[PDB]
C-alpha cells in the first residue's frame, strides 16, 4: 500500500511550533512525499519559494535514511490560476516547452517524479489535459532510455461528480498516470450558509440531493469511469474546516454567518490544522455523524468539521476493502508533526493511524 504525503512549501513561515521543515518528517512514515507547488515561468517548470533549492535538498536527504522513500514535486496548486495552466496546455508549442523542461529540473534536484496539481480544469480543458499527460509520460519514457529510473507522473484529481464529468477524461489519463489522488475532502459547500462536513465517508441517509458528495460515491464513480483500483489513492484530510455559527443551532443543518476564526499558527479563516484542533477540543463538545462516520466539534459560536484517529482509520479500512492503491494525506505539516499538541506523545498521530491500518494487513 502506498502512502502519499504532501508537504507544503509555505508551512515554514508559521510562527513558533507551527513552523515545519522537511527536516521534521519521519523518513519511514510515508512511501511518497510530494513537495507542494512549483511554478511554471517561460513555460518551464520553476521554483516558487526563494529557498526552495535548499528545502528540495533538505527533503531529498531523507532518502539517505530510507533508500526506498520516493519523492515528487507538484506543479500547480490553488494559488496557481487554472487559466495560466489552461493557456500552457492549449498551445502545443507552450505544452512541449514545459514538458521538455521537467526531467532536467527534476533530475537536478533529486525528485523521482512530477505530480500534476492543475486545480480543476474546465469543460474546455479535458481534451488538452489528456494531451498533457500523454506527452508528459511519453517524455519520461524517452528520458528513461538514458538508463535510469523512469520518473513518476501522478495527478491530484477532483472528487466531485460534476467536476469530474466536466474536465477529466479519466479512462484516458488513467493509463498514462502512475497513480491518481482523489481530493476526497472538499465536499461541503465552499459556497453556502449551512454547517456541513467537508469529508464524509458515506452518504448520510438524512439528506438526499448531493450523495455524490462523499468518499464512497467518488471512489465508486472513478472505478466506474474506468480508473483501475490499483491506481486510485483516496485523499484523507489532516485538517478540519471551521465555521462561525449564526445561531445557537448546532445540529446538522445549522445557519452560518461565515468561516471560522483563524488558528494561532495557521492564520487562515475557515481552516484549522489538526494540532490546532487538538487544543480547540478542550472545552469543546464532540459530536460524530454515524451515517458518514466523521466527527465535528463546537465551542462558543465556532463549529469545526474534522477528522480524528478513528475517523481516518475508518477511511483507511474502506480504501483497503475496495482494494485501492493506498491513501494520500493532506499535509504532513497540518498533522501533529511535533507530537506535542495532541496528548499522547505520538508524533504524526493521524498519518500514523492510516499507516497502522494500511500495514496491519
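Positions refer to the first chain, counted from 1.
Stretches 86-94 and 109-117 differ in mean CA B factor, with 86-94 having the higher one.
The question of which stretch, 136-144 or 278-286, has the higher mean Cα B factor is settled in favour of 278-286.
In this structure the maximum Cα B-factor among 184, 174, 74, 206 is found at 206. Per the PDB record, 126 has a higher Cα B-factor than any other of 241, 126, 161, 224.
In the PDB entry, a CA B factor belonging to the middle third of its chain's modelled residues is recorded for residue 11.
Among all modelled residues in its chain, residue 43 ranks in the highest third by Cα B-factor.
Sort the chain's modelled residues by C-alpha temperature factor and residue 322 lands in the middle third, per the entry. Residue 216: CA B factor lies in the lowest third for its chain, per the PDB record.
Ranked by C-alpha B-factor against the other modelled residues of its chain, residue 20 falls in the middle third.
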